[PDB]
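Scope of the values below: all heavy atoms of this structure, side chains included, with no hydrogens, waters or symmetry mates. Sequence lines set the chain letters: A, B, ... in the order given, protein chains first and strands last, and positions in each chain run from 1.
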Amino acid sequence: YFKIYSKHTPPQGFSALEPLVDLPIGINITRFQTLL
Amino acid sequence: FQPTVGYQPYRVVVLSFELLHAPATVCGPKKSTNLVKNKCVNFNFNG
């Protein structure tokens with residue numbers, strides 16, 4: 001299960017992240033990469 | 001394959017379920033029931 005939590009907000013201070021999405025992929029994962 | 005007993009063409013499908021090759025994601029349905037309140041009941045909410 002691939003789980004994604006996030007929050008966007010207007011760095012000091014405390015913020016709690018809400019869950020967004022879970023994917024039942026069953027994938028063997030080792031690396032990630034950016035798309036700028 | 002001309003319009004027309006063992007020569008009769010027939011449409012056949014085979015159902016093979018690859019359910020344990022990975023975590024399951026396709027299910028059968030689950031019939032619900034109207035809820036009652038203010039009474040001692042045996043509840044099943046989402047499991």
For residues 1-27 of chain A, tabulate all N or O donor-acceptor pairs below 3.5 Å that involve a side-chain atom, not counting sequence neighbours.
| unit_1 | atom_1 | unit_2 | atom_2 | d |
| --- | --- | --- | --- | --- |
| A:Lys7 | NZ | A:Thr9 | OG1 | 2.3 |

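B:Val12 and B:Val5 fall into different hydrophobic clusters, where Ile, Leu, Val, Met, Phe, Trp and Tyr residues are linked whenever their side-chain heavy atoms come under 4.5 Å apart, directly or through other members.
Taking B:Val41 as the reference, B:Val36, B:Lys39 meet the side chain to side chain contact (heavy atoms under 4.5 Å, CB included) condition, with sequence neighbours excluded.
Hydrophobic clustering, defined by side-chain heavy atoms of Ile, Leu, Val, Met, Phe, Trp and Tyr closer than 4.5 Å, groups B:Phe43 together with B:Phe45.
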